[PDB]
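Below is one structure; the comments refer to it alone.
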Amino acid sequence: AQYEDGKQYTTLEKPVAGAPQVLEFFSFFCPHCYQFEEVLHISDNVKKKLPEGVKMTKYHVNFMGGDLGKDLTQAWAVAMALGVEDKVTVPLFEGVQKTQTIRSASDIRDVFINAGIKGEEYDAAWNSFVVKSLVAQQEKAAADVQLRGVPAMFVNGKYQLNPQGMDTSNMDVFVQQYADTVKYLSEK
């Protein structure tokens with residue numbers, strides 16, 4: 001064809017029932033994720049081309065950066081609860097990978113505070129049970145797909161984006177190609 005299994009995507013030999021339609025996994029420790037977010041804006045360009053009535057889900061993972069990694073997964077859960085993903089994603093990435101000023105849960109908190117979230121409000125969420133189930137989801141969803149690497153995108157629990165089998169000479173072209181593949185899989 002033009003879109004072949006094993007080429008721009010792979011198929012899960014054990015499909016996942018009830019999965020979010022589009023599901024993306026990242027880590028703030030993950031350099032390609034930094035690239036995916038900061039330079040390419042993958043998640044944004046995928047949105048731009050998805051049909052809609054399509055919901056997009058992004059989760060963080062634990063298996064990178066040990067103790068801090070989990071803290072980051074809890075923090076991302078807080079981001080989701082307060083609806084502030086848009087305001088912390090960049091400063092988290094740059095705190096972890098660029099400036100390297102994030103070394104403790106407290107430093108993570110500083111990003112939120114500087115992003116305008118209120119101390120009381122952050123700590124509240126941080127410890128809230130709603131956040132606890134949101135950590136659970138992120139771990140469950142990753143668990144439901146054998147996830148061992150990031151970035152990673154899944155479409156309806158049956159197809160996994162395979163960016164390695166796509167052209168990278170031109171950034172914009174890689175993104176378009178990525179995005180369109182997501183559309184195609186969406187329509188499958």
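Just so we're on the same page: first chain in the structure tokens is A, next is B, and so on; residues restart at 1 for each chain, and ligands are numbered from 1 in the order they show up.
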DSSP on the backbone, strand (DSSP E or B) only: what residues of segment 70-179 of chain A does that give? Format it as number ranges by chain. A: 152-155, 159-161
If you count only C-alpha atoms, which residues fall within 12 Å of segment 7-13 of chain A, apart from same-chain ones fewer than 6 positions away, as a PyMOL selection string? chain A and resi 1+144-147+152-167+174+177-186
C-alpha atoms of the current selection, written as a short mmCIF file (atom, residue, chain, number, x, y, z; two decimals), in the first residue's frame:
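Output file selection-v2.cif follows:
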```
data_model
loop_
_atom_site.label_atom_id
_atom_site.label_comp_id
_atom_site.auth_asym_id
_atom_site.auth_seq_id
_atom_site.Cartn_x
_atom_site.Cartn_y
_atom_site.Cartn_z
CA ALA A 1 0.00 0.00 0.00
CA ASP A 144 -2.14 -1.94 29.15
CA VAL A 145 0.29 -1.51 26.21
CA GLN A 146 3.67 -3.02 27.37
CA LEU A 147 5.12 0.47 27.14
CA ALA A 152 4.88 6.71 21.94
CA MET A 153 1.48 7.23 20.38
CA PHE A 154 -1.34 4.76 20.18
CA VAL A 155 -4.51 4.94 18.06
CA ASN A 156 -7.63 3.13 19.52
CA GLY A 157 -5.48 0.58 21.23
CA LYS A 158 -4.80 -1.25 18.01
CA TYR A 159 -2.08 0.78 16.25
CA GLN A 160 1.21 2.21 17.41
CA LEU A 161 2.93 5.03 15.56
CA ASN A 162 6.34 4.00 14.27
CA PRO A 163 8.22 7.23 13.65
CA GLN A 164 11.50 5.49 12.78
CA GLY A 165 10.02 4.37 9.45
CA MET A 166 9.32 7.97 8.38
CA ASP A 167 11.41 10.63 6.59
CA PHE A 174 8.20 14.46 9.30
CA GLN A 177 3.70 12.53 7.66
CA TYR A 178 3.35 11.64 11.30
CA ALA A 179 0.11 13.53 11.57
CA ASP A 180 -1.47 12.10 8.45
CA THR A 181 -0.59 8.62 9.59
CA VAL A 182 -2.46 9.30 12.81
CA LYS A 183 -5.42 10.46 10.71
CA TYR A 184 -5.33 7.35 8.59
CA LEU A 185 -5.15 5.05 11.59
CA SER A 186 -7.97 7.04 13.14
#
```
Segment 79-130 of chain A residues near segment 41-50 of chain A within 12 Å, closest pair each, using only C-alpha atoms, as a Markdown table:
```
| residue | atom | partner | partner_atom | distance |
| --- | --- | --- | --- | --- |
| A:86 | CA | A:44 | CA | 11.1 |
| A:89 | CA | A:41 | CA | 11.6 |
| A:90 | CA | A:41 | CA | 11.1 |
```
Could you turn the residues from that selection into a file that holds C-alpha atoms, as a PDB file, in the first residue's frame?
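File result.pdb, as written:
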```pdb
ATOM      1  CA  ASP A  86      -0.540  24.253  28.500  1.00  0.00           C
ATOM      2  CA  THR A  89       4.655  21.619  29.766  1.00  0.00           C
ATOM      3  CA  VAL A  90       7.367  23.882  28.434  1.00  0.00           C
TER       4      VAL A  90
END
```
One residue among A:5, A:107, A:120, A:24 is nearest to residue 149 of chain A when using only C-alpha atoms, and that residue is A:24
Which value, in Å to one decimal, gives the distance between atom CA of residue 111 of chain A and atom CA of residue 91 of chain A? 6.5 Å
Select, from A:34, A:39, A:23, A:67, the residue with the minimum atom-to-atom distance to residue 92 of chain A, counting only C-alpha atoms. A:34
Selected residue, from A:19, A:68, A:141, A:77, that lies nearest to residue 122 of chain A when counting only C-alpha atoms: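 Looking only at the distances to residue 122 of chain A, the closest residue turns out to be A:77.
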If I take atom CA of residue 101 of chain A and atom CA of residue 81 of chain A, how far is one from the other in Å, to one decimal?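 Calculated distance between atom CA of residue 101 of chain A and atom CA of residue 81 of chain A is 24.4 Å.
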Within 10 Å of residue 76 of chain A, counting only C-alpha atoms, which residues qualify if same-chain residues fewer than 6 places away don't, as a PyMOL selection string? chain A and resi 27-28+58-61+70+82+84-85+88-89+92+126+131+134-135+138
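Atom pair atom CA of residue 136 of chain A / atom CA of residue 71 of chain A has a distance of 13.3 Å (rounded to one decimal).
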Which is closest to residue 36 of chain A among A:151, A:65, A:83, A:15, if we use only C-alpha atoms?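 The shortest atom-to-atom distance to residue 36 of chain A comes from A:151.
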